[PDB]
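Asks: My file is data_15.txt. It has compact mmCIF, N, CA, C and O atoms:
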```txt
# COMPACT_ATOMS: atom_id res chain seq x y z
N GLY A 1 0.81 -1.21 0.00
CA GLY A 1 0.00 0.00 0.00
C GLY A 1 0.84 1.26 0.00
O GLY A 1 1.87 1.33 0.67
N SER A 2 0.41 2.26 -0.76
CA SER A 2 1.13 3.52 -0.85
C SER A 2 0.21 4.70 -0.54
O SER A 2 -0.94 4.73 -0.97
N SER A 3 0.74 5.67 0.20
CA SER A 3 -0.04 6.85 0.57
C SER A 3 0.87 8.06 0.76
O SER A 3 1.77 8.05 1.60
N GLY A 4 0.63 9.11 -0.03
CA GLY A 4 1.43 10.31 0.07
C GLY A 4 1.24 11.23 -1.12
O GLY A 4 1.68 10.93 -2.23
N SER A 5 0.59 12.36 -0.88
CA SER A 5 0.33 13.33 -1.94
C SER A 5 0.65 14.75 -1.47
O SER A 5 -0.20 15.42 -0.88
N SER A 6 1.87 15.20 -1.74
CA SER A 6 2.30 16.53 -1.34
C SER A 6 1.42 17.60 -1.99
O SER A 6 0.83 18.44 -1.30
N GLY A 7 1.34 17.57 -3.31
CA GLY A 7 0.54 18.54 -4.03
C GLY A 7 1.22 19.05 -5.29
O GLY A 7 2.44 19.20 -5.33
N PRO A 8 0.43 19.32 -6.33
CA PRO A 8 0.94 19.81 -7.61
C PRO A 8 1.46 21.24 -7.51
O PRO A 8 0.69 22.20 -7.50
N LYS A 9 2.78 21.38 -7.45
CA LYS A 9 3.41 22.70 -7.36
C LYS A 9 4.64 22.78 -8.26
O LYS A 9 5.62 22.07 -8.05
N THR A 10 4.57 23.66 -9.25
CA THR A 10 5.68 23.84 -10.19
C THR A 10 6.88 24.47 -9.50
O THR A 10 8.02 24.27 -9.91
N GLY A 11 6.62 25.24 -8.44
CA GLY A 11 7.69 25.90 -7.71
C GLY A 11 7.91 27.33 -8.17
O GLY A 11 7.63 27.69 -9.31
N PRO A 12 8.41 28.17 -7.25
CA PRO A 12 8.68 29.58 -7.54
C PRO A 12 9.84 29.77 -8.50
O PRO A 12 10.37 28.80 -9.04
N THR A 13 10.24 31.02 -8.70
CA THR A 13 11.35 31.33 -9.59
C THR A 13 12.68 31.29 -8.86
O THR A 13 13.14 32.30 -8.33
N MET A 14 13.30 30.11 -8.83
CA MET A 14 14.58 29.93 -8.16
C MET A 14 15.54 29.11 -9.02
O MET A 14 15.11 28.28 -9.83
N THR A 15 16.83 29.34 -8.85
CA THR A 15 17.85 28.62 -9.61
C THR A 15 18.91 28.03 -8.69
O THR A 15 19.31 28.66 -7.70
N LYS A 16 19.38 26.83 -9.01
CA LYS A 16 20.40 26.16 -8.22
C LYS A 16 21.71 26.07 -8.99
O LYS A 16 21.73 26.19 -10.21
N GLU A 17 22.80 25.85 -8.26
CA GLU A 17 24.12 25.73 -8.88
C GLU A 17 24.98 24.71 -8.14
O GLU A 17 24.90 24.59 -6.92
N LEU A 18 25.80 23.98 -8.89
CA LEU A 18 26.68 22.98 -8.31
C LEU A 18 28.08 23.05 -8.92
O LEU A 18 28.23 23.07 -10.14
N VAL A 19 29.09 23.09 -8.06
CA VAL A 19 30.47 23.16 -8.51
C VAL A 19 31.34 22.14 -7.78
O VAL A 19 31.30 22.04 -6.55
N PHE A 20 32.13 21.39 -8.54
CA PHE A 20 33.01 20.37 -7.96
C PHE A 20 34.16 20.06 -8.90
O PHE A 20 34.19 20.51 -10.05
N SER A 21 35.12 19.27 -8.42
CA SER A 21 36.28 18.89 -9.22
C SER A 21 36.07 17.52 -9.86
O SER A 21 35.26 16.72 -9.39
N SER A 22 36.82 17.26 -10.92
CA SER A 22 36.72 15.98 -11.63
C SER A 22 37.22 14.84 -10.76
O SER A 22 36.80 13.69 -10.92
N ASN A 23 38.13 15.16 -9.84
CA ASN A 23 38.70 14.15 -8.95
C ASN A 23 37.60 13.31 -8.32
O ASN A 23 37.76 12.10 -8.12
N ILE A 24 36.48 13.94 -8.00
CA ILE A 24 35.35 13.25 -7.39
C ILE A 24 35.24 11.82 -7.92
O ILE A 24 35.30 11.58 -9.12
N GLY A 25 35.07 10.87 -7.00
CA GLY A 25 34.95 9.48 -7.39
C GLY A 25 33.51 9.03 -7.52
O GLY A 25 32.59 9.84 -7.40
N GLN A 26 33.31 7.74 -7.75
CA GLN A 26 31.96 7.19 -7.90
C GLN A 26 31.18 7.32 -6.59
O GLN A 26 30.01 7.71 -6.59
N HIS A 27 31.83 6.97 -5.48
CA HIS A 27 31.20 7.05 -4.17
C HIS A 27 30.67 8.45 -3.90
O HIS A 27 29.52 8.63 -3.50
N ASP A 28 31.52 9.45 -4.13
CA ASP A 28 31.14 10.84 -3.91
C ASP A 28 30.13 11.30 -4.95
O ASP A 28 29.00 11.68 -4.62
N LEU A 29 30.54 11.27 -6.22
CA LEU A 29 29.67 11.68 -7.31
C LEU A 29 28.25 11.14 -7.12
O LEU A 29 27.28 11.83 -7.42
N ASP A 30 28.16 9.92 -6.62
CA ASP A 30 26.86 9.29 -6.39
C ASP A 30 25.95 10.21 -5.59
O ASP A 30 24.76 10.34 -5.89
N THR A 31 26.51 10.86 -4.58
CA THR A 31 25.74 11.77 -3.74
C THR A 31 25.40 13.06 -4.48
O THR A 31 24.26 13.52 -4.47
N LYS A 32 26.41 13.64 -5.14
CA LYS A 32 26.22 14.87 -5.90
C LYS A 32 25.00 14.76 -6.81
O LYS A 32 24.17 15.67 -6.86
N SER A 33 24.90 13.65 -7.53
CA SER A 33 23.78 13.43 -8.44
C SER A 33 22.46 13.43 -7.69
O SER A 33 21.53 14.17 -8.03
N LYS A 34 22.37 12.59 -6.66
CA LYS A 34 21.15 12.50 -5.86
C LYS A 34 20.59 13.88 -5.56
O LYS A 34 19.39 14.12 -5.72
N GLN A 35 21.45 14.79 -5.13
CA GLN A 35 21.03 16.15 -4.81
C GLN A 35 20.40 16.82 -6.02
O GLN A 35 19.30 17.36 -5.94
N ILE A 36 21.11 16.79 -7.15
CA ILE A 36 20.61 17.40 -8.38
C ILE A 36 19.25 16.83 -8.76
O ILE A 36 18.32 17.58 -9.06
N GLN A 37 19.14 15.51 -8.74
CA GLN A 37 17.88 14.84 -9.08
C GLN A 37 16.72 15.45 -8.31
O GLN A 37 15.73 15.89 -8.90
N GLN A 38 16.83 15.47 -6.99
CA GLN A 38 15.79 16.02 -6.14
C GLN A 38 15.35 17.39 -6.63
O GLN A 38 14.16 17.71 -6.62
N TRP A 39 16.31 18.19 -7.08
CA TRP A 39 16.02 19.53 -7.58
C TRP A 39 15.21 19.46 -8.87
O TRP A 39 14.09 19.98 -8.94
N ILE A 40 15.78 18.83 -9.89
CA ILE A 40 15.11 18.69 -11.17
C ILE A 40 13.63 18.36 -10.99
O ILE A 40 12.78 18.84 -11.74
N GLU A 41 13.33 17.54 -9.99
CA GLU A 41 11.96 17.14 -9.71
C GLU A 41 11.03 18.35 -9.75
O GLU A 41 10.01 18.34 -10.43
N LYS A 42 11.39 19.39 -9.00
CA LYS A 42 10.59 20.61 -8.95
C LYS A 42 10.94 21.54 -10.10
O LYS A 42 10.84 22.76 -9.97
N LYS A 43 11.35 20.96 -11.22
CA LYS A 43 11.72 21.74 -12.40
C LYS A 43 12.71 22.84 -12.03
O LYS A 43 12.59 23.98 -12.49
N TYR A 44 13.69 22.50 -11.20
CA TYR A 44 14.70 23.46 -10.77
C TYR A 44 15.89 23.45 -11.73
O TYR A 44 16.50 22.40 -11.98
N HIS A 45 16.23 24.62 -12.25
CA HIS A 45 17.36 24.75 -13.17
C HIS A 45 18.68 24.63 -12.43
O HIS A 45 19.14 25.58 -11.79
N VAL A 46 19.30 23.46 -12.53
CA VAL A 46 20.58 23.21 -11.87
C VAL A 46 21.74 23.42 -12.83
O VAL A 46 21.80 22.81 -13.89
N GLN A 47 22.67 24.30 -12.44
CA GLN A 47 23.84 24.59 -13.27
C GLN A 47 25.07 23.87 -12.74
O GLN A 47 25.57 24.18 -11.66
N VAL A 48 25.57 22.91 -13.52
CA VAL A 48 26.75 22.14 -13.13
C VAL A 48 28.00 22.70 -13.79
O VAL A 48 27.96 23.16 -14.94
N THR A 49 29.12 22.66 -13.07
CA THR A 49 30.38 23.15 -13.59
C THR A 49 31.55 22.30 -13.11
O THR A 49 31.89 22.30 -11.92
N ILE A 50 32.16 21.57 -14.03
CA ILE A 50 33.29 20.71 -13.70
C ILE A 50 34.61 21.47 -13.80
O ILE A 50 34.86 22.16 -14.78
N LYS A 51 35.45 21.32 -12.78
CA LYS A 51 36.75 21.99 -12.76
C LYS A 51 37.88 20.99 -12.98
O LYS A 51 37.92 19.94 -12.35
N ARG A 52 38.80 21.33 -13.88
CA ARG A 52 39.93 20.47 -14.18
C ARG A 52 41.24 21.11 -13.74
O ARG A 52 41.33 22.33 -13.61
N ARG A 53 42.26 20.29 -13.51
CA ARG A 53 43.56 20.78 -13.08
C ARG A 53 44.19 21.65 -14.17
O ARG A 53 43.62 21.84 -15.24
N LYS A 54 45.38 22.17 -13.88
CA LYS A 54 46.09 23.02 -14.83
C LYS A 54 46.42 22.25 -16.10
O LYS A 54 47.51 21.69 -16.23
N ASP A 55 45.48 22.23 -17.04
CA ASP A 55 45.67 21.53 -18.30
C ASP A 55 45.94 20.05 -18.07
O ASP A 55 46.82 19.46 -18.70
N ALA A 56 45.17 19.45 -17.16
CA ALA A 56 45.33 18.03 -16.85
C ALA A 56 45.63 17.22 -18.10
O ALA A 56 45.30 17.64 -19.21
N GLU A 57 46.25 16.06 -17.92
CA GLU A 57 46.59 15.19 -19.03
C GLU A 57 45.36 14.45 -19.55
O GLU A 57 45.35 13.22 -19.63
N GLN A 58 44.32 15.20 -19.88
CA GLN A 58 43.08 14.62 -20.38
C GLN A 58 42.42 15.54 -21.40
O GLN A 58 42.52 16.76 -21.31
N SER A 59 41.74 14.94 -22.38
CA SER A 59 41.06 15.70 -23.42
C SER A 59 39.63 16.04 -23.01
O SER A 59 39.14 15.55 -21.99
N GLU A 60 38.97 16.87 -23.81
CA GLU A 60 37.60 17.27 -23.52
C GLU A 60 36.68 16.05 -23.42
O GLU A 60 35.81 15.98 -22.56
N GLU A 61 36.89 15.09 -24.32
CA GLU A 61 36.09 13.87 -24.33
C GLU A 61 35.97 13.28 -22.93
O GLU A 61 34.93 12.73 -22.56
N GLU A 62 37.04 13.41 -22.15
CA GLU A 62 37.05 12.89 -20.78
C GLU A 62 36.16 13.73 -19.87
O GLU A 62 35.43 13.20 -19.04
N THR A 63 36.23 15.05 -20.03
CA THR A 63 35.44 15.96 -19.23
C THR A 63 33.95 15.78 -19.50
O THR A 63 33.11 16.11 -18.66
N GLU A 64 33.63 15.25 -20.67
CA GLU A 64 32.24 15.03 -21.05
C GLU A 64 31.65 13.83 -20.30
O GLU A 64 30.45 13.78 -20.04
N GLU A 65 32.51 12.88 -19.95
CA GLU A 65 32.08 11.69 -19.24
C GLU A 65 31.29 12.06 -17.99
O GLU A 65 30.10 11.77 -17.88
N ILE A 66 31.96 12.71 -17.04
CA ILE A 66 31.32 13.12 -15.80
C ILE A 66 29.87 13.53 -16.04
O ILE A 66 28.96 13.02 -15.39
N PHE A 67 29.67 14.46 -16.97
CA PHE A 67 28.33 14.94 -17.29
C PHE A 67 27.37 13.77 -17.48
O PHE A 67 26.36 13.67 -16.78
N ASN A 68 27.68 12.90 -18.43
CA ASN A 68 26.84 11.74 -18.71
C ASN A 68 26.64 10.89 -17.45
O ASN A 68 25.54 10.45 -17.16
N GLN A 69 27.73 10.68 -16.71
CA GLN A 69 27.67 9.89 -15.49
C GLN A 69 26.55 10.38 -14.58
O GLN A 69 25.97 9.60 -13.82
N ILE A 70 26.25 11.67 -14.65
CA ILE A 70 25.20 12.26 -13.84
C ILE A 70 23.83 12.06 -14.48
O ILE A 70 22.87 11.65 -13.82
N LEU A 71 23.74 12.36 -15.77
CA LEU A 71 22.49 12.21 -16.51
C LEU A 71 22.08 10.75 -16.60
O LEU A 71 20.92 10.43 -16.87
N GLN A 72 23.04 9.86 -16.38
CA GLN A 72 22.78 8.42 -16.44
C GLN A 72 21.90 7.98 -15.27
O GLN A 72 21.41 6.85 -15.24
N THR A 73 21.70 8.88 -14.31
CA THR A 73 20.89 8.58 -13.14
C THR A 73 19.47 9.13 -13.31
O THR A 73 18.52 8.62 -12.72
N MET A 74 19.34 10.18 -14.11
CA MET A 74 18.04 10.80 -14.35
C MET A 74 17.76 10.91 -15.85
O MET A 74 17.31 11.94 -16.35
N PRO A 75 18.04 9.82 -16.59
CA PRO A 75 17.83 9.78 -18.04
C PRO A 75 16.35 9.77 -18.41
O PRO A 75 15.98 10.03 -19.55
N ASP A 76 15.51 9.46 -17.43
CA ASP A 76 14.06 9.41 -17.65
C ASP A 76 13.35 10.48 -16.82
O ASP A 76 12.13 10.54 -16.80
N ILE A 77 14.14 11.30 -16.13
CA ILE A 77 13.58 12.36 -15.30
C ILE A 77 14.19 13.72 -15.65
O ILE A 77 13.62 14.76 -15.35
N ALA A 78 15.35 13.68 -16.29
CA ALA A 78 16.04 14.91 -16.69
C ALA A 78 16.75 14.73 -18.03
O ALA A 78 16.93 13.61 -18.50
N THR A 79 17.14 15.85 -18.64
CA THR A 79 17.82 15.81 -19.93
C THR A 79 18.83 16.95 -20.04
O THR A 79 18.81 17.89 -19.25
N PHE A 80 19.71 16.86 -21.04
CA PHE A 80 20.72 17.88 -21.26
C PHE A 80 20.08 19.21 -21.65
O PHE A 80 20.10 19.60 -22.82
N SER A 81 19.51 19.90 -20.67
CA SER A 81 18.86 21.18 -20.92
C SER A 81 19.73 22.08 -21.79
O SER A 81 19.26 22.64 -22.79
N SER A 82 21.00 22.21 -21.42
CA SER A 82 21.94 23.03 -22.17
C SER A 82 23.24 22.28 -22.43
O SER A 82 24.06 22.12 -21.52
N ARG A 83 23.42 21.83 -23.66
CA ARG A 83 24.63 21.10 -24.04
C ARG A 83 25.86 21.71 -23.39
O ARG A 83 26.03 22.93 -23.34
N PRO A 84 26.75 20.85 -22.87
CA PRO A 84 27.98 21.28 -22.21
C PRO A 84 28.99 21.87 -23.20
O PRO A 84 29.16 21.37 -24.31
N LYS A 85 29.65 22.95 -22.78
CA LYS A 85 30.64 23.61 -23.63
C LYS A 85 31.89 23.96 -22.83
O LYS A 85 31.87 23.95 -21.60
N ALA A 86 32.96 24.29 -23.54
CA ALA A 86 34.22 24.65 -22.89
C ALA A 86 34.19 26.09 -22.40
O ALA A 86 34.19 27.03 -23.20
N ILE A 87 34.17 26.26 -21.08
CA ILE A 87 34.14 27.59 -20.48
C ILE A 87 35.48 27.92 -19.82
O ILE A 87 36.30 27.04 -19.58
N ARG A 88 35.68 29.20 -19.52
CA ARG A 88 36.91 29.65 -18.89
C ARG A 88 38.13 29.30 -19.74
O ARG A 88 39.23 29.11 -19.23
N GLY A 89 37.92 29.21 -21.05
CA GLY A 89 39.00 28.88 -21.96
C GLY A 89 39.12 27.39 -22.21
O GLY A 89 40.05 26.94 -22.87
N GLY A 90 38.16 26.63 -21.68
CA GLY A 90 38.18 25.19 -21.86
C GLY A 90 38.63 24.45 -20.61
O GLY A 90 38.38 23.26 -20.46
N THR A 91 39.29 25.17 -19.71
CA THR A 91 39.77 24.58 -18.46
C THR A 91 38.64 23.90 -17.70
O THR A 91 38.87 23.02 -16.88
N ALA A 92 37.41 24.32 -17.98
CA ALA A 92 36.24 23.75 -17.32
C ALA A 92 35.04 23.71 -18.27
O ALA A 92 35.11 24.22 -19.39
N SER A 93 33.95 23.11 -17.81
CA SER A 93 32.74 23.00 -18.61
C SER A 93 31.51 23.32 -17.78
O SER A 93 31.45 23.02 -16.59
N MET A 94 30.52 23.94 -18.42
CA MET A 94 29.28 24.31 -17.74
C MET A 94 28.07 23.74 -18.48
O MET A 94 28.05 23.69 -19.71
N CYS A 95 27.06 23.33 -17.72
CA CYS A 95 25.85 22.77 -18.30
C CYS A 95 24.68 22.87 -17.33
O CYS A 95 24.86 23.21 -16.16
N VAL A 96 23.48 22.58 -17.82
CA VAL A 96 22.28 22.64 -16.99
C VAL A 96 21.39 21.43 -17.22
O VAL A 96 21.42 20.82 -18.29
N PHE A 97 20.60 21.08 -16.21
CA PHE A 97 19.70 19.93 -16.30
C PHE A 97 18.25 20.36 -16.09
O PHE A 97 17.94 21.12 -15.17
N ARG A 98 17.37 19.88 -16.96
CA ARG A 98 15.95 20.22 -16.88
C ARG A 98 15.09 18.96 -16.95
O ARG A 98 15.61 17.85 -17.08
N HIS A 99 13.78 19.14 -16.87
CA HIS A 99 12.84 18.02 -16.93
C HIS A 99 12.49 17.68 -18.37
O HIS A 99 12.52 18.54 -19.25
N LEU A 100 12.16 16.42 -18.61
CA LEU A 100 11.81 15.96 -19.95
C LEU A 100 10.50 16.59 -20.41
O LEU A 100 9.42 16.18 -20.00
N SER A 101 10.60 17.60 -21.28
CA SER A 101 9.43 18.29 -21.80
C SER A 101 8.43 17.30 -22.39
O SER A 101 7.25 17.60 -22.53
N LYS A 102 8.92 16.11 -22.72
CA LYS A 102 8.07 15.07 -23.29
C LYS A 102 7.37 14.27 -22.20
O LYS A 102 7.86 14.19 -21.07
N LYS A 103 6.24 13.67 -22.54
CA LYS A 103 5.48 12.87 -21.58
C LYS A 103 6.18 11.54 -21.30
O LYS A 103 5.67 10.48 -21.63
N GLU A 104 7.36 11.62 -20.69
CA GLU A 104 8.13 10.43 -20.36
C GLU A 104 8.62 10.48 -18.91
O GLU A 104 9.59 11.15 -18.59
N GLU A 105 7.92 9.75 -18.04
CA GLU A 105 8.28 9.71 -16.63
C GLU A 105 8.28 8.27 -16.11
O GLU A 105 7.23 7.68 -15.90
N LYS A 106 9.48 7.73 -15.91
CA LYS A 106 9.62 6.36 -15.41
C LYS A 106 9.90 6.35 -13.91
O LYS A 106 10.57 5.46 -13.41
N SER A 107 9.39 7.36 -13.21
CA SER A 107 9.59 7.47 -11.77
C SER A 107 8.27 7.76 -11.06
O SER A 107 7.59 8.73 -11.37
N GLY A 108 7.92 6.90 -10.11
CA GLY A 108 6.68 7.07 -9.37
C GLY A 108 5.56 6.19 -9.89
O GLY A 108 5.79 5.17 -10.54
N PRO A 109 4.31 6.59 -9.60
CA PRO A 109 3.13 5.84 -10.03
C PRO A 109 2.91 5.91 -11.54
O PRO A 109 3.28 6.90 -12.18
N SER A 110 2.30 4.87 -12.10
CA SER A 110 2.04 4.82 -13.53
C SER A 110 1.25 6.04 -13.99
O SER A 110 0.02 6.03 -14.01
N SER A 111 1.97 7.10 -14.34
CA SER A 111 1.34 8.34 -14.79
C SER A 111 0.35 8.07 -15.92
O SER A 111 0.72 7.55 -16.97
N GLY A 112 -0.91 8.42 -15.69
CA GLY A 112 -1.94 8.20 -16.69
C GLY A 112 -3.12 9.14 -16.53
O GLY A 112 -3.88 9.02 -15.57
```
Give the structure from the file, written as structure tokens.
Replies:
Amino acid sequence: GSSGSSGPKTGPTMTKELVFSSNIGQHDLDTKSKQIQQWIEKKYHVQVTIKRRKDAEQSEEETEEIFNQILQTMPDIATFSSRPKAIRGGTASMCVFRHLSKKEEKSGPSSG
């Protein structure tokens, strides 16, 4: 049996932001995502920004991974609102996560 209805609320005009280093591991990153997910729920615009070392020995393709690693948790609840790009000269990347404008929700009760 299930019981719990908070109420239909799109939420006020607020924006969230998240900043961390690539060093973050799976154990840690796991938490970072959870937080973002909860936000997206209320259609909260979350701005993510990955920071890399002084020209670390890695290409952009690597910096793109982290991003996906996060969206891989909310692939049916969130989407690449704003494609990630090279910011601050490429040393870092910025992106945002939003809700699936499409009628696709694989979380919660059988939406119908």
Asks: Calculate how many Å separate atom N of residue 10 of chain A from atom N of residue 30 of chain A, rounding to one decimal.
Replies: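 These atoms are spaced 27.4 Å apart.
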Asks: Which is closer to residue 16 of chain A than all the others in A:2, A:82, A:47, A:58, using only N, CA, C and O atoms?
Replies: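 For residue 16 of chain A, the nearest of the candidates is A:47.
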Asks: To one decimal place in Å, what is the distance between atom CA of residue 42 of chain A and atom CA of residue 6 of chain A?
Replies: 12.0 Å
Asks: Would you please give, as a PyMOL selection string, all residues of chain A that DSSP assigns to helix (DSSP H, G or I) based on the backbone?
Replies: chain A and resi 26-41+60-71+88-90
Asks: Keeping only N, CA, C and O atoms, write the selected residues to a file as a short mmCIF file (atom, residue, chain, number, x, y, z; two decimals), keeping the file's coordinate frame.
Replies:
```cif
data_model
loop_
_atom_site.label_atom_id
_atom_site.label_comp_id
_atom_site.auth_asym_id
_atom_site.auth_seq_id
_atom_site.Cartn_x
_atom_site.Cartn_y
_atom_site.Cartn_z
N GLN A 26 33.31 7.74 -7.75
CA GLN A 26 31.96 7.19 -7.90
C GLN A 26 31.18 7.32 -6.59
O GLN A 26 30.01 7.71 -6.59
N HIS A 27 31.83 6.97 -5.48
CA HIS A 27 31.20 7.05 -4.17
C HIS A 27 30.67 8.45 -3.90
O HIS A 27 29.52 8.63 -3.50
N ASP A 28 31.52 9.45 -4.13
CA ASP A 28 31.14 10.84 -3.91
C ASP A 28 30.13 11.30 -4.95
O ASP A 28 29.00 11.68 -4.62
N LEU A 29 30.54 11.27 -6.22
CA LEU A 29 29.67 11.68 -7.31
C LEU A 29 28.25 11.14 -7.12
O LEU A 29 27.28 11.83 -7.42
N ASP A 30 28.16 9.92 -6.62
CA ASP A 30 26.86 9.29 -6.39
C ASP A 30 25.95 10.21 -5.59
O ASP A 30 24.76 10.34 -5.89
N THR A 31 26.51 10.86 -4.58
CA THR A 31 25.74 11.77 -3.74
C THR A 31 25.40 13.06 -4.48
O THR A 31 24.26 13.52 -4.47
N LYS A 32 26.41 13.64 -5.14
CA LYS A 32 26.22 14.87 -5.90
C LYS A 32 25.00 14.76 -6.81
O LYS A 32 24.17 15.67 -6.86
N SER A 33 24.90 13.65 -7.53
CA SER A 33 23.78 13.43 -8.44
C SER A 33 22.46 13.43 -7.69
O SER A 33 21.53 14.17 -8.03
N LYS A 34 22.37 12.59 -6.66
CA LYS A 34 21.15 12.50 -5.86
C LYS A 34 20.59 13.88 -5.56
O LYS A 34 19.39 14.12 -5.72
N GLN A 35 21.45 14.79 -5.13
CA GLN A 35 21.03 16.15 -4.81
C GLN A 35 20.40 16.82 -6.02
O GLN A 35 19.30 17.36 -5.94
N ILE A 36 21.11 16.79 -7.15
CA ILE A 36 20.61 17.40 -8.38
C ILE A 36 19.25 16.83 -8.76
O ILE A 36 18.32 17.58 -9.06
N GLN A 37 19.14 15.51 -8.74
CA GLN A 37 17.88 14.84 -9.08
C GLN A 37 16.72 15.45 -8.31
O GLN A 37 15.73 15.89 -8.90
N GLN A 38 16.83 15.47 -6.99
CA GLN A 38 15.79 16.02 -6.14
C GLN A 38 15.35 17.39 -6.63
O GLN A 38 14.16 17.71 -6.62
N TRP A 39 16.31 18.19 -7.08
CA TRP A 39 16.02 19.53 -7.58
C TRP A 39 15.21 19.46 -8.87
O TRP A 39 14.09 19.98 -8.94
N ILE A 40 15.78 18.83 -9.89
CA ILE A 40 15.11 18.69 -11.17
C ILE A 40 13.63 18.36 -10.99
O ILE A 40 12.78 18.84 -11.74
N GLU A 41 13.33 17.54 -9.99
CA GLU A 41 11.96 17.14 -9.71
C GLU A 41 11.03 18.35 -9.75
O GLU A 41 10.01 18.34 -10.43
N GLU A 60 38.97 16.87 -23.81
CA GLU A 60 37.60 17.27 -23.52
C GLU A 60 36.68 16.05 -23.42
O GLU A 60 35.81 15.98 -22.56
N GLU A 61 36.89 15.09 -24.32
CA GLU A 61 36.09 13.87 -24.33
C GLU A 61 35.97 13.28 -22.93
O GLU A 61 34.93 12.73 -22.56
N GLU A 62 37.04 13.41 -22.15
CA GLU A 62 37.05 12.89 -20.78
C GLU A 62 36.16 13.73 -19.87
O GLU A 62 35.43 13.20 -19.04
N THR A 63 36.23 15.05 -20.03
CA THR A 63 35.44 15.96 -19.23
C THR A 63 33.95 15.78 -19.50
O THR A 63 33.11 16.11 -18.66
N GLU A 64 33.63 15.25 -20.67
CA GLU A 64 32.24 15.03 -21.05
C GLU A 64 31.65 13.83 -20.30
O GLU A 64 30.45 13.78 -20.04
N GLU A 65 32.51 12.88 -19.95
CA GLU A 65 32.08 11.69 -19.24
C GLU A 65 31.29 12.06 -17.99
O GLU A 65 30.10 11.77 -17.88
N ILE A 66 31.96 12.71 -17.04
CA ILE A 66 31.32 13.12 -15.80
C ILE A 66 29.87 13.53 -16.04
O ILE A 66 28.96 13.02 -15.39
N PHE A 67 29.67 14.46 -16.97
CA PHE A 67 28.33 14.94 -17.29
C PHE A 67 27.37 13.77 -17.48
O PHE A 67 26.36 13.67 -16.78
N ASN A 68 27.68 12.90 -18.43
CA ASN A 68 26.84 11.74 -18.71
C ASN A 68 26.64 10.89 -17.45
O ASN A 68 25.54 10.45 -17.16
N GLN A 69 27.73 10.68 -16.71
CA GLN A 69 27.67 9.89 -15.49
C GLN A 69 26.55 10.38 -14.58
O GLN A 69 25.97 9.60 -13.82
N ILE A 70 26.25 11.67 -14.65
CA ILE A 70 25.20 12.26 -13.84
C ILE A 70 23.83 12.06 -14.48
O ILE A 70 22.87 11.65 -13.82
N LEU A 71 23.74 12.36 -15.77
CA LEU A 71 22.49 12.21 -16.51
C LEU A 71 22.08 10.75 -16.60
O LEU A 71 20.92 10.43 -16.87
N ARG A 88 35.68 29.20 -19.52
CA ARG A 88 36.91 29.65 -18.89
C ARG A 88 38.13 29.30 -19.74
O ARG A 88 39.23 29.11 -19.23
N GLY A 89 37.92 29.21 -21.05
CA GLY A 89 39.00 28.88 -21.96
C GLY A 89 39.12 27.39 -22.21
O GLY A 89 40.05 26.94 -22.87
N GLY A 90 38.16 26.63 -21.68
CA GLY A 90 38.18 25.19 -21.86
C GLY A 90 38.63 24.45 -20.61
O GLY A 90 38.38 23.26 -20.46
#
```
Asks: For residue 19 of chain A, which residue among A:111, A:48, A:88, A:57 is the nearest when counting all atoms listed in the file?
Replies: A:48
Asks: What is the atom C of residue 70 of chain A to atom C of residue 83 of chain A distance in Å?
Replies: 13.3 Å
Asks: A:17, A:91, A:81, A:34: which is nearest residue 52 of chain A, counting all atoms listed in the file?
Replies: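 Of the candidates, the smallest distance to residue 52 of chain A is held by A:91.
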Asks: Using only C-alpha atoms, which residue out of A:66, A:96, A:56, A:86 lies closest to residue 39 of chain A?
Replies: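 Looking only at the distances to residue 39 of chain A, the closest residue turns out to be A:96.
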Asks: Using all atoms listed in the file, which residue out of A:69, A:23, A:15, A:31 lies closest to residue 43 of chain A?
Replies: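 Smallest distance to residue 43 of chain A is found for A:15.
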Asks: Between A:95, A:85, A:77, A:26, which residue has the minimum interatomic distance to residue 40 of chain A, considering all atoms listed in the file?
Replies: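 Checking each candidate against residue 40 of chain A, we get A:77 as the closest.
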Asks: Select all residues near (39.8, 20.9, -12.8) (cut-off 6 Å, inclusive, file coordinates), counting only C-alpha atoms, and output them as a ChimeraX atom specification.
Replies: /A:21-22,51-53
Asks: For segment 103-106 of chain A, work out the shell of residues within 12 Å, counting only C-alpha atoms and skipping chain neighbours fewer than 5 positions away, then give it as a list in words.
Replies: residues 41, 73, 74, 75, 76, 77, 78, 79, 111 and 112 of chain A
Asks: Select from segment 7-86 of chain A everything DSSP, run on the backbone, classes as strand (DSSP E), then give the selection as a ChimeraX atom specification.
Replies: /A:15-21,45-51,79-86
Asks: Would you output segment 56-60 of chain A from that structure, restricted to N, CA, C and O atoms, as a compact mmCIF listing (two decimals), in the first residue's frame?
Replies:
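Saved as decode.txt:
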```
# COMPACT_ATOMS: atom_id res chain seq x y z
N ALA A 56 45.17 19.45 -17.16
CA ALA A 56 45.33 18.03 -16.85
C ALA A 56 45.63 17.22 -18.10
O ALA A 56 45.30 17.64 -19.21
N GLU A 57 46.25 16.06 -17.92
CA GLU A 57 46.59 15.19 -19.03
C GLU A 57 45.36 14.45 -19.55
O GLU A 57 45.35 13.22 -19.63
N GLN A 58 44.32 15.20 -19.88
CA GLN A 58 43.08 14.62 -20.38
C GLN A 58 42.42 15.54 -21.40
O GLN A 58 42.52 16.76 -21.31
N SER A 59 41.74 14.94 -22.38
CA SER A 59 41.06 15.70 -23.42
C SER A 59 39.63 16.04 -23.01
O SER A 59 39.14 15.55 -21.99
N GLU A 60 38.97 16.87 -23.81
CA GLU A 60 37.60 17.27 -23.52
C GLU A 60 36.68 16.05 -23.42
O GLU A 60 35.81 15.98 -22.56
```
